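Here is how names work: the chains are called A, B, and so on, in the same order as the sequence lines, proteins then strands, and each is numbered from 1. What you see below is based on every heavy atom in this structure, not just the backbone, and it leaves out hydrogens, waters and symmetry mates. Remember, it's 1-based here, ligands and their atoms both numbered in the order they're listed.
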Amino acid sequence: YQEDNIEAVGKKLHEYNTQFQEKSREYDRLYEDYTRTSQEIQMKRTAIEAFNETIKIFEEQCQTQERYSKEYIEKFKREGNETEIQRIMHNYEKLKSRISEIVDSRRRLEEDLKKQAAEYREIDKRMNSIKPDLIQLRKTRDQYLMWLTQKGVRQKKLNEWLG
Amino acid sequence: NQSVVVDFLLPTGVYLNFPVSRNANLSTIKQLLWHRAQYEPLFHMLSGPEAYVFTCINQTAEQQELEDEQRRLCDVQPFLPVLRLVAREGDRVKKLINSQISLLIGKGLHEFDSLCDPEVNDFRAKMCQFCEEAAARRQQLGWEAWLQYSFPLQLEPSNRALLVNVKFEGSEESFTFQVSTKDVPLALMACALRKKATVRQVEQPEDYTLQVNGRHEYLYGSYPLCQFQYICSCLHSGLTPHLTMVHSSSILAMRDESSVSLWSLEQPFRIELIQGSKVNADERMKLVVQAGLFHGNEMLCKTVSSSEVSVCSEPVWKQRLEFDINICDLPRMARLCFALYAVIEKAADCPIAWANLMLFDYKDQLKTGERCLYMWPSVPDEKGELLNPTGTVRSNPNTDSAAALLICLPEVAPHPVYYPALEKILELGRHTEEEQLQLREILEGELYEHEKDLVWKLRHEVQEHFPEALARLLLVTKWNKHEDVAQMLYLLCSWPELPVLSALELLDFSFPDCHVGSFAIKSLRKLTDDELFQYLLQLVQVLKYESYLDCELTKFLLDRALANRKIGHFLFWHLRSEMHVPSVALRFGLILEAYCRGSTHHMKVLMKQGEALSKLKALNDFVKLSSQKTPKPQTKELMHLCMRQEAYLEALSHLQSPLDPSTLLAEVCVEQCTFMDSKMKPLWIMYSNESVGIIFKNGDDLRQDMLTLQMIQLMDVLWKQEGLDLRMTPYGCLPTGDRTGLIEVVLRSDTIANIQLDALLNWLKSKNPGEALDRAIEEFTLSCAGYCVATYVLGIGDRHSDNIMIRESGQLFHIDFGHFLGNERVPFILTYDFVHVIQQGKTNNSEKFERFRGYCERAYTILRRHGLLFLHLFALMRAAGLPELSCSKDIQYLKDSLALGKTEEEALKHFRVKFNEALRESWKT
Ligand SMILES: CCn1c(-c2cnc(C)nc2)nc2c(-c3ccc4c(c3)[C@](C)(Cc3ccccc3)C(=O)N4)ncnc21
């Protein structure tokens, strides 16, 4: 209570070791992309916070422009400088349009982070579909190696098969 | 182009937009703004330019008040070219330092606030206070104290008449004269004063200190002169020391530049698994959640599993997982650990992800209510365990995209419950010849269950007679029973102080309890700064095993960083170089912030260094990108033109070296700068001051080499402590960033390959003509022995002529330690061509060869005596996740190579046989 020739099992040890090393390489490629994508997405997230902070600054400017303007709009109206009212207001229109450019650039980044978030998820998935094969090949490689060790196969022949 | 269009927001609400040069400093930009603002509405209401400070959004997404207006806009690096004028006044010192810290640590301080985490908030408040207090205390103390803080003595591990050149600060003329090798530095200062007064005359010698010319290295204190590293080095080389007398004021100028117990709750621990989210798995498979309770690496009870639900993104379970342990028995550091597994339906299981949670929080409260544990992906490792209890308790910071599990700890009492206080633990914790003989042999090493119960019974005997066995006793304690825990902690609190070596073992993941780590640190407080420096890298990696942010080890490292600027220098870089690693970003960021608040001076040194490093990164990326397209000579010239740009040249010049902050990297020797032909195209950057070189590598992880070099350094120190100077070259290597670091250039050196174009012996003759050759050959012999033994013990193979180098002194040294611990046994190796030099070019010179064999054997013998030190240090380095130092088999390599399981006589007999076999092997190859 508890199989073939040595040379046939040893060939299969070599084949399974070659397949384990190759699946390993694939996993390490995906993991490098996983790491890189993780870092990139966090950089994009902090850059979005940076847009938000810049947009926030610009809206303080608008509030400031509106409060601060009044007196000098009303002063130049009584004093006949509708021309100086006109400069202040045109200057403010230029401020507003520049805000819309920055908002548009923020939106492009959010859209790119949406794609790269999906990319991250697909990498994680590809990785999780490899792990069963990678682990199964590691175990088979070891079971063959132990079978040969039990049968008394010397270390030198084992090394030839492991590459 | 140079020019960039910049948005200006004036405080009147007016907006201007115009092109400025990227090189222009903010002061120049402010002048151009003012000149343009006068032709725009509402100018008359602005105060002068000097009443305002520019504000920008910086790369870390924080608003930054730009006080230094000599900074160039390219250096500032605003997120968008948007400068807002804002009132100058406020607490401008705090604003400046807050903003510098964010840029220096590579993480916005706002990212800590955004978390809305009280533990973080309490860490920052408490630690920043304590560091600021220490920094303010430091300022009060005398110039002596400050000199010791900033420039601690560089001493050898540790009579002839040789001469020294002495000068004064701001004086062309020098004074050459002899003093004793064994004279204390006071006596040199007193002499130069008399030499000054004799040739106008007159003040005391204790008003002064001695500086090494062109270095921040200073000679003071009660030690003799030969014990200083500059003097020892000079004396051995035959060169005359060049010193400067610096007055005390000149050093001050640098300084001024409720009613429910936990033990009443006798019902099982349990959790509600609710849902997972953002799972990405094979649709055909089914999902399962394995859960287990842990203390360190031991299970508190048997693991319990959820049911199989079909794979989807948002799987729902809604199960009560009940564990075989009552709430009253949970230890303080009890760890709830999860692994999400995809499995083929019941009719290789994929480990998807894992997450750990402390069951009590940082204030000793048993957690209640919901938690969202953002998970880390499981990596398929060799020892394929279900759960990952050694993993960090911190949540994955990629909350946007990472998988998560929702759980709920049920409310167990009406009022909140704490882990009992120390007083109530010591309350509960109180209370033959054959078994004494059986305890003895048991403490001479995996203990089995029958032995565990014996040690437990005779725990009082272990404390009385075997205090060095504390670690064994802590592992035999049953941490899933609050009575046994109570009894172990009782003993622990009256346990005698253990030596450093023992303390180091107690810092490992096996000993999570907060009382143990506190006892360990309490034993590490004996450390001198020089010894602590030897272990700094390991103490830092051990922070990744901590459960809470506010811990004893962190406080200890900050204390020592605040008292010694060199320790703080290297603490900063060991932390900074991992700020890209998401499992430690938060913890290291918090330590770095607190460190910075206690050291605003060094912060200025660190800022200058981080900028040099940033220029080099960009410079190295250009060189990589050019190498693929164009040949080397052209690429080399294009590197130089990029370097001579004002903003490059300034940021690359006049900094303290990160490799050694006492070394000043003054003027960049641009024509001598180049890049090496290796795969990552590392930069060779030469300097001249009062010649030094650095190598900037980006693309490789340099941590292996640093560890290897740290250990060779340690070996050299251990050898030198027994009076054996093996003339090693344990040069600087320092990870600075994401796969980035610096390597010290060893001057006047060349590769064995280059010299071999016998030739080795001639080279030495041509570099040491006539009567200097016996020195050179003896330097070669001593260093060949040391590196033969070092590389054998550490298991460093692939030792070839491209990665072995020779100094013109004769000293031989190894480089490029990418591989160690046999990553088969690496035999002890002698090289025939090295034997030929050792034998003075002769076939058979037994006298010399026997001396070399002696040097090898005494070297090996000394390491064996400190074998436990190397095992402990390597054991703690497993925290670093180096692929070649991941398991106890890696540690076994060191046990075998140092032959610790054998007596000294047996070990040395085996070393001899291996030595002899290597001499036999030498000829054959
Ligand atoms: C101790 C640090 N260090 C390293 C080093 C590198 N990388 C790692 C991971 N560790 C150590 N190499 C070093 C070298 C060095 C290595 C190879 C070599 C030369 C010098 C010359 C002689 C000159 C040379 C040619 C072209 C470009 C640059 C230099 C040559 O022809 N080949 N000299 C000093 N110190 C070094």
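- In summary, of the residues considered (B:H569, B:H216, B:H602), a ring pair (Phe, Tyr, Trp, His ring centres under 6.0 Å) with B:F151 occurs for B:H216 alone.
- For B:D381, the CG atom sits in a packed shell: over 12 heavy atoms of surrounding residues, nucleotides or ligands are nearer than 6.0 Å.
- One finds the OG1 atom of B:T925 at 11.0 Å from the CG atom of B:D833 (value rounded to the nearest 0.5 Å).
- Within the listing of ligand 1, atoms 1 (C), 11 (C) sit less than 4.0 angstrom from a heavy atom of B:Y731.
- Proximity annotation for atom 4 (C) of ligand 1: of B:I755, B:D705, B:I695, B:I695 comes nearest, heavy atoms only.
- The protein non-hydrogen atom at the shortest distance from atom 32 (N) of ligand 1 is B:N754 ND2, 3.7 Å.
- When only non-hydrogen protein atoms are considered, atom 1 (C) of ligand 1 lies nearest to B:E744 O, 3.4 Å.
- With hydrogens left out, the protein atom closest to atom 18 (C) of ligand 1 is B:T751 CG2, 4.1 Å, a heavy atom.
- The nearest heavy-atom contact from the protein to atom 14 (C) of ligand 1 is B:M805 CE, 3.5 Å.
- The nearest protein atom to atom 16 (C) of ligand 1, hydrogens excluded, is given as B:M676 CE, 3.6 Å; this is a heavy-atom distance.
- Judged by distance alone, the side chain of B:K765 and the main-chain N or O of B:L760 form no donor-acceptor pair under 3.5 Å.
- Counting only heavy atoms, the protein never gets under 4.0 Å from atom 25 (C) of ligand 1.
- The single protein non-hydrogen atom nearest to atom 5 (C) of ligand 1 is B:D816 OD1, 3.8 Å, given as residue, atom name and distance.
- The protein atom (non-hydrogen) at minimum distance from atom 9 (C) of ligand 1 is B:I743 CD1, 3.5 Å.
- At a distance under 4.0 Å, a protein heavy atom can be found next to atom 11 (C) of ligand 1.
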